[PDB]
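Chain by chain, the residues run as shown.
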2 protein chains.
Amino acid sequence: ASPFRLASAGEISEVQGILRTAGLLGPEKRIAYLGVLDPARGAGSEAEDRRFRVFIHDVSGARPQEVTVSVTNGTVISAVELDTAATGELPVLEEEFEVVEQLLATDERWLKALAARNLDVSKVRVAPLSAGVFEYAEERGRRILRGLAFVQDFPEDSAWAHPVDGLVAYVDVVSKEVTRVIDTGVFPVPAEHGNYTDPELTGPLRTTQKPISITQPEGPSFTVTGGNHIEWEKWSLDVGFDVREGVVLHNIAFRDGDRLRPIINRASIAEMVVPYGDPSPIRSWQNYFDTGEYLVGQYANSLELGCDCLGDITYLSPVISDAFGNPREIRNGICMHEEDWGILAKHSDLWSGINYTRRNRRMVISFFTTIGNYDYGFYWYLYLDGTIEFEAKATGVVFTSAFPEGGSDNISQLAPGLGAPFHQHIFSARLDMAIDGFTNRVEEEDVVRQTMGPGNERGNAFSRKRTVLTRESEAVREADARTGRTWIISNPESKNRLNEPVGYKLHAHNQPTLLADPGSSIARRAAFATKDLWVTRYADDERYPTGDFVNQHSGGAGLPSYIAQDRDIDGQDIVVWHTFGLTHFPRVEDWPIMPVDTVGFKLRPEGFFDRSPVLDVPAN
Amino acid sequence: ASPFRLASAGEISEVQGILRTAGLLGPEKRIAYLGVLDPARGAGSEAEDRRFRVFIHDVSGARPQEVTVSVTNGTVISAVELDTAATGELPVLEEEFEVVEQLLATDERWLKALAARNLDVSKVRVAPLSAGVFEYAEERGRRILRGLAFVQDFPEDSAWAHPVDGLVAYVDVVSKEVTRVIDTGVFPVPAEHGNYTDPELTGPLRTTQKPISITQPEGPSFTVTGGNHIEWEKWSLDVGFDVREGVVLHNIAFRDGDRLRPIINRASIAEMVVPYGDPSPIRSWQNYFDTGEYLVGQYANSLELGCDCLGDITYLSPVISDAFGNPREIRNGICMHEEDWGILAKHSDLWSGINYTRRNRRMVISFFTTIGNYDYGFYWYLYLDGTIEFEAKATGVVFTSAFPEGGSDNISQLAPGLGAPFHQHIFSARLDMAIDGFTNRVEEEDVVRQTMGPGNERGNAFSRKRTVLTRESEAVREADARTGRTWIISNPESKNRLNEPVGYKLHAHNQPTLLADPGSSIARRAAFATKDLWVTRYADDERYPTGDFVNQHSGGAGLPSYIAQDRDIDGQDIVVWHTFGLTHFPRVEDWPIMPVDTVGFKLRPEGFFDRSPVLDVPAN
Ligand SMILES: [Cu+2]
Ligand SMILES: [Cu+2]
């Protein structure tokens, strides 16, 4: 079997059995994170050493542990006691979410805060949010969660329509104490409901839509072997799954006539921060590190046929571990299907009298995740022409607050008295590059304008310049849409028939990067978000832009410290980190339920093939 | 019947009969352009005065004429003799293309130029290209075409693979004389063939693609009445067709519960220039004004089911006039169909236990045109959420030249000895705005970053600024992807339930604009291409960014002269002109046939609706 195959229920069980036997999984221990480790760089061995990394939390306050287990040999490879005050807290546990609402329900100052607003505690829902790193010395070394209240008029009510502004509570989830309850003042609680399923708000559902039936009478053009290996129209890859990153793509390759050519060794969204631009003390601490703190994969939804994924769909049901080490299957968590993508090429030649047309197609691999009010769709597309594309679809319910009577420069009004703080959804794609092998380099291409004059001019000429990024310290790049700036990852030791280095060009959307002040806490913890492109020399432990433990951890430990090593990236084993995001100034059309908005990036062949790779597509 | 209905064969015939009777269509006269005029602004009349604008060329050298005809009353409204030396030549005629190859075949210096390259004249194809305005005083007032030779080894051979560099011929197409033959030197003629249908180049066609069947068992959700009026999922519009602009969209409106709301009065691609960045005297004069000089609509292809348009397609067969005034039908020239567009909205709420998912859909209206080696697909999309989008799909065969042995800073190598000059495809969208009526205004929105400090700061706040464009002179805008710059067209006299002006936000791709030196001839003739956005006060005669007669006309007569009137655009009948384009540095993958590359723009509701307009979509 393949070493990139998905973790199985039996493997999770083995990790549990091994940790138990070793005395690392007692009744007071909890598994905060568990996932398969990628095979080592020197994988020229038949050694199918299937290893797992596990983060073990202690419910009675003892130091947590980082453990690496070999399911193959049945032993514990290494176990280290963490100092969470130094390196950060472990990712939030699902069971800890419940605790903050339960502890506050019997806290006197919380009750006094609610009584002062004439709110019945049984109707107050508390959103358990991550506690960043701010001015509270007593939080260091302790597992703290912040709570924001939302009123729920009835069981099926959308609480997000009823935010309780001016109130925030800090809660120590291990010692089970409420450290603080801050009340800056009472704000009216928006009364209007935001129930998108209630026929009074929706009105009569339209009857005008006729069905669209998309079928494949002969089945799909792609084959799946080994549970997760995919073969489609010359494309070859392995679809992986990690509780923290979500869908991970391994060994992306293209079959260039007999020769299977590597393009990307590993591709994943390694982090995604959601900073808020509201300066109010009630939410100025709000920054979701959906990947780092919550673990996106853990919240993957089970997708339904016809609703979530349309067409001839083949599903992948990834297995995950719960807090006790028991296997938990995310049924239908990954959708896979191919779809028509219009015209690929076309020409009607007058001189030869030949009329030519070919259709394009794309392979889709996606999963959706839900984190509180937020729902994100992750989509990877592979096109016939060699193009690779990623698309994030952001939907769900927008995070609310109260709209101040005087107005606001950092909040939008969605309904009477109801506001939505300005924010960004910034993603970090970690592209472990293998353009025809591991000897890669990155070039920055800028369009260059020429002056009219003596040197060949009528004033029509324009050119292009390419500078090679040689060392990590000069590999922190910013976009420039004015000069058409793109980046080419090429292999200097692999040339095409014109004797030029084969490459792939990265096209960014050029949306703004982190807007927070460069001196802020979020700018330090999410430094990667301040630049469009970073290139590092590969290393086994440099997995995340922010570091291993994001939860309540200070900044720097990620990309800025990697880059400080100033390694050579000119024809080396490199990793491209692309930052891309959406700046969300909520509009009326986003309430009560948000229609999809998208961001992404694509990579296109740049002299990779000797000619058009789509000359062999038939006319169906 | 509707006054925006497509011109009919019977109407073309009437225009011919009327011009003949009036003595304006003698045997020596030719129709260079003919199209329906849009109803006047004060269309509050039952006067179905169907008028046509006609450009009449004289084949014996007499002055051409501009004529307006009323098919309704059966009379000639106005006829003016043009001074083509002042205002420009008429658009190129199809019959004139043939002439340049025929005249050169018997010209001695052309024959001597071919003999010196050992080329058989019967195998030399001459591409009839538009003559811009350069340093030749003898061309002014005369109808000139430039010719570039391409060798065709056999009838079905792709001549574009065999360019004859170093040779250019100027030809006066009316007097039928060859004014010049320039030979700067012999260049090897690339021998390799670029035949994408030859099984030796394509190899064995892949058998791996399984069919994808897209059907609508109950037919489409849209209805067509009056030949061209469209009703679909609350959207309402008229699909027009003009020989010069191609598909034109009229009266785009959205049905907001009982109230039909206007969004765009008229939308079209009013021009598209293709400037070349090769400084060589053989092509430095090359700039296709596909819309202005050739007339895009005239070259619209007949689209085939399953190849060009997939799904349940309804076609529109626009009628055009030939050079003698006879009707010519472009069979299946416009495709129309709706298609699934993934997830529209989705949320799985923990607190209420409700799981919600809705699918998105888009209405597609497209046509393809072929101009020499170039093929462009024009697509207009309408989404359920109120979003409007345009997409240009550029394909065909890339314009070739010889690749100099020493190399080039303005040409890419596609094959041994074969080159492709750098160029741009710049489009101009003319959006005659009607956001809830004709009282519109344009605002420029920039993201604004805030400094950490006293005024509400922890360094997380960020805002947005909006400046109103009040007069035409300050309405020439440039993009700025760094600050997330967008433009909102709102109606100050129409507010939503939050008492804010309803609007639509324009999202540009932010690709580079015209790269040519600001002092060049192309920068003058295509001044509109130098800026991303222009807003003008509507006027009946300000139809094109470049003016009425582009062919061999100097610059300025377009947008720069309109804007000089400095009219008020703050809450007025305004027109938005958006410039968007692709900077094409050809790559190996573009040869021998170019896979589709795309550009476009979209407009999204910005507080136009009182809440999400998609709450009534059912779960199919
Ligand atoms: Cu958002
Ligand atoms: Cu091009």
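Conventions and cut-offs
Residues numbered from 1 in each chain as written, not as in the entry; some residues may be left out. Chains lettered and ligands numbered in written order. Heavy atoms only, no water. Residues with missing side-chain atoms left out of burial classes, pairs and counts. Least-squares fit on C-alpha atoms. Domains from an automatic or database assignment. Contact = heavy atoms within 4.5 Å. Buried area = accessible area lost by both parts, 1.4 Å probe. Salt bridge = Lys/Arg side-chain N within 4 Å of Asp/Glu carboxyl O. Polar contact = N/O pair within 3.5 Å; in protein donor to acceptor, adjacent residues only side chain to side chain. Helix = DSSP H or I, 4+ residues; strand = E, 2+ residues; numbered from the N terminus. Disulfide = S-S within 2.5 Å. UniProt positions renumbered as here; feature names shortened; annotations may be inferred. Buried < 20%, exposed > 50% of the residue type's maximum accessible area, 1.4 Å probe, protein only. Pairing = 2+ DSSP bridges. Axes fitted to C-alpha atoms, helices over the stretch in contact; angles between N-to-C directions. Donors = N, O, S within 2.8 Å, 3.2 Å for Na, K, Ca; no water. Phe/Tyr/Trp six-rings, centres within 6.5 Å; stacked < 30°, edge-to-face > 60°.

If you check the header, you'll see the entry was determined by X-ray crystallography and the resolution is listed as 2.2 Å.

Undergrad: Teacher, can you tell me more about the relation of the copies chain A and chain B here?
TA: Between the two chain copies there is a screw-like relation: a rotation about an axis and a shift along it. For the match of chain A to chain B, the screw axis carries a shift of 0.0 Å, the RMSD comes to 0.0 Å, and the turn is 180 degrees. In the structure described here, the two chain copies are related by an operation that fits a two-fold rotation axis. Minimal C-alpha distance to the rotation axis in chain A is attained by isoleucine 214 of chain A, lying at 2.3 Å.

Undergrad: Where do I start with the domain arrangement of chain A in this structure?
TA: How large an interface is tends to be reported as the accessible area lost when its parts come together. Residue and element names in this part refer to chain A. By domain assignment, chain A separates into domain 1 (1-87), domain 2 (94-195) and domain 3 (196-619). Placing a centre on the C-alpha atoms of domain 1 and another on those of domain 3 gives a separation of 29 Å. Domain 1 puts 26 residues into the contact, and the matching count from domain 3 is 32 residues. Each partner contributes to the roughly 2400 Å² buried at the junction of domain 1 and domain 3, and carbon and sulfur atoms together form 53% of this total. Of all residues in domain 1, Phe4, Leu6 and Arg41 give up the largest surface area on contact with domain 3, accounting jointly for 29% of the area buried on that side. Seen at the junction of domain 1 and domain 3, the total is four salt bridges. Across the salt bridge formed by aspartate 548 and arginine 53, the nearest N and O atoms sit 2.9 Å from each other. There are eleven residue pairs in polar contact connecting domain 1 and domain 3. Sorting the residues of the side of domain 1 that touches domain 3 by element identifies α1 (9-21), β1 (29-36), β2 (51-58) and α2 (84-87) as the ones contributing at least two each.

Undergrad: What exactly am I supposed to notice about the UniProt feature "disulfide bond" in chain A here?
TA: Residue and element names in this part refer to chain A. With an S-S distance of 2.0 Å, the disulfide that UniProt assigns to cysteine 309 and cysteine 335 is formed in this structure. One end of the pair, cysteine 309, is in the loop between α6 (290-294) and β16 (314-316); the other, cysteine 335, is in strand β19 (residues 334-348), and 26 residues separate them in sequence. Judged by its relative accessible area of 4%, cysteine 309 falls in the buried class.

Undergrad: Whenever I open this one, the sheet that holds strand β28 (residues 462-469) of chain A confuses me. Can you help?
TA: Strand-to-strand pairing in sheets goes through backbone hydrogen bonds, with the strands running parallel or antiparallel. Residues and elements named next belong to chain A. Across the sheet, ten strands lie side by side as β16-β19-β20-β21-β22-β34-β31-β30-β27-β28; this open sheet has antiparallel pairing. Every interior strand has two partners, whereas the edge strands, β16 and β28, have only one. Across the sheet, the mean angle from the axis of one strand to that of its neighbour is 25 degrees, orientation sign disregarded. Two elements, strand β21 (residues 374-383) and strand β22 (residues 388-396), share nine bridges in a ladder whose sense is antiparallel.

Undergrad: Even after reading the chapter, I still don't get the interface of chain A and chain B, so can you show me in this structure?
TA: Each side of the interface is counted separately: chain A has 150 residues, and chain B has 150 residues. Taken together, the two surfaces of chain A and chain B that pack against each other cover about 13100 Å², and 54% of this comes from carbon and sulfur. Measuring nitrogen to oxygen at the nearest pair gives 2.9 Å for the salt bridge that ties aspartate 616 of chain B to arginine 206 of chain A. On inspection of chain A and its partner chain B, the count reaches 70 residue pairs in polar contact. Per-element tally for the side of chain A that touches chain B: the top contributor is β19 of chain A, with eleven residues. Looking at chain direction, strand β9 (residues 213-215) of chain A and strand β9 (residues 213-215) of chain B are connected through three bridges and run antiparallel. For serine 213 of chain A, the partnering residue across the bridge sits in β9 of chain B and is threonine 215 of chain B.

Undergrad: Please explain the coordination of the copper ion (ligand 2) as it appears in this structure.
TA: As a benchmark, a tetrahedral metal site with four donors has ideal angles of 109.5 degrees, while an octahedral site with six donors has ideal angles of 90 or 180 degrees. Donor atoms from the polypeptide that coordinate the copper ion (ligand 2) comprise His423 of chain B (NE2), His425 of chain B (NE2) and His584 of chain B (ND1), at 2.1 Å from the metal. Summarised as a motif, the one-chain spacing of the donors to the copper ion (ligand 2) is H-x1-H-x158-H.

Undergrad: Please explain the side chain of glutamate 338 of chain B as it appears in this structure.
TA: Within the secondary structure, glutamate 338 of chain B sits in strand β19 (residues 334-348). What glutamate 338 of chain B contacts, discounting residues up to four positions off in sequence, is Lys210 and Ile212 of chain A together with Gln216, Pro220, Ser221, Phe222, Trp232, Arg361, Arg362 and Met363 of chain B.

Undergrad: Whenever I open this one, the state of the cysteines confuses me. Can you help?
TA: Each disulfide is one covalent bond, formed between the sulfur atoms of two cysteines. All names here are of chain A. Overall, the coordinates contain two disulfides over all chains when judged by the stated rule. What pairs with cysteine 309 in a disulfide is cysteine 335, and their sulfur atoms sit 2.0 Å apart. An S-S torsion of about 95 degrees defines the bridge between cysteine 309 and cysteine 335 as right-handed. With no disulfide partner, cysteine 307 has as its closest neighbouring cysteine sulfur the one in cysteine 309, 9.7 Å distant. When its relative accessible area of 25% is taken as the criterion, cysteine 307 is described as partly exposed.

Undergrad: Got a minute to help me understand the coordination of the copper ion (ligand 1) in this structure?
TA: Residues and elements named next belong to chain A. Binding of the copper ion (ligand 1) to the protein goes through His423 (NE2), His425 (NE2) and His584 (ND1), at separations of 2.1 Å. Ordering the donors of the copper ion (ligand 1) by residue number gives the pattern H-x1-H-x158-H. Pair noted here: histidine 425 is in strand β26 (residues 423-433) and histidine 584 is in strand β33 (residues 574-584), with a separation of 159 residues, a long-range link.

Undergrad: Help me understand the packing of aromatic side chains, please; the structure alone is not making it clear to me.
TA: We describe a pair of aromatic rings using the distance from one ring centre to the other and the angle between the two ring planes. Residues and elements named next belong to chain A. Under the criterion given, the structure shown has 75 aromatic pairs over all chains. Ring geometry for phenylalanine 55 versus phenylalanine 549: centroids 4.8 Å apart, planes at 50 degrees, classification tilted. Note that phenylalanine 55 is positioned in strand β2 and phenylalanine 549 in the loop between β32 (533-537) and α8 (559-562), a separation of 494 residues in sequence. Given the relative accessible area of 2%, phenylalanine 55 is considered buried. Given the relative accessible area of 8%, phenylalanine 549 is considered buried.

Undergrad: Mind showing me how you'd approach the UniProt feature "active site" in chain A here?
TA: Residue and element names in this part refer to chain A. Sites flagged by UniProt as "active site" map to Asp290 and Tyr374. The named residues occupy 85 residues along the chain; their greatest pairwise C-alpha distance, 9.6 Å, places them in one compact cluster. Assignment of secondary structure puts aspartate 290 in helix α6. Taking relative accessible area as the criterion, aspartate 290 reaches 2% and is therefore assigned buried. Ignoring sequence-local partners within four residues, the contact set of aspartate 290 consists of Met272, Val274, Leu295, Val296, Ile371 and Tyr376. Looking at the element boundaries, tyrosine 374 is found in strand β21.

Undergrad: Explanation requested: unusual backbone geometry in the structure shown.
TA: Peptide bonds are trans in most cases, and residues, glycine excluded, mostly fall at negative phi. Cis geometry marks the peptide bond from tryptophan 591 of chain A to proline 592 of chain A; its omega dihedral reads 0 degrees. Tracing the backbone shows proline 592 of chain A in the loop between β33 and β34 (594-605). Positioned with a positive phi, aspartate 566 of chain A is a non-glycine residue whose angle comes to about 45 degrees. Tracing the backbone through its elements, the reader meets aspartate 566 of chain A in the loop between α8 and β33. Taking the relative accessible area as the measure of exposure, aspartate 566 of chain A reaches 26% and is therefore partly exposed. For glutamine 552 of chain B, which is not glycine, the phi torsion reads 55 degrees and is therefore positive. Along the chain, the position of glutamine 552 of chain B falls in the loop between β32 (533-537) and α8 (559-562). Among the residues examined, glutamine 552 of chain B registers a relative accessible area of 11% and is labelled buried.

Undergrad: Please clarify how the side chain of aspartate 107 of chain B should be interpreted in this entry.
TA: With respect to the helices, strands and loops of the structure, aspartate 107 of chain B is situated in the loop between α3 (94-104) and α4 (108-115). Within the structure, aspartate 107 of chain B has its side chain in polar contact with the side chain of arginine 109 of chain B (distance 3.1 Å).

Undergrad: How do you make sense of the pairing of strand β14 (residues 259-275) of chain B when you look at a structure like this?
TA: In the case of a regular strand, side chains alternate between the two sheet surfaces. All names here are of chain B. Counting buried residues in β14 gives 14 out of 17 residues, a clear majority hidden from the surface. Where strand β13 (residues 246-256) meets β14, seven bridges bridge the pair, whose relative direction is antiparallel. Pairing of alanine 253 across the sheet is with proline 262, part of β14. The turn linking β13 back onto β14 is made up of two residues, and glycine 257 within it adopts a positive phi angle of 40 degrees. Note: β14 against strand β26 (residues 423-433), eight bridges, orientation antiparallel. Along β26, the bridge assignment pairs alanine 267 with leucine 431. Pairing between β14 and strand β15 (residues 287-289): three bridges, direction antiparallel. Note that in β15 the partner of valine 274 across the bridge is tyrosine 288.

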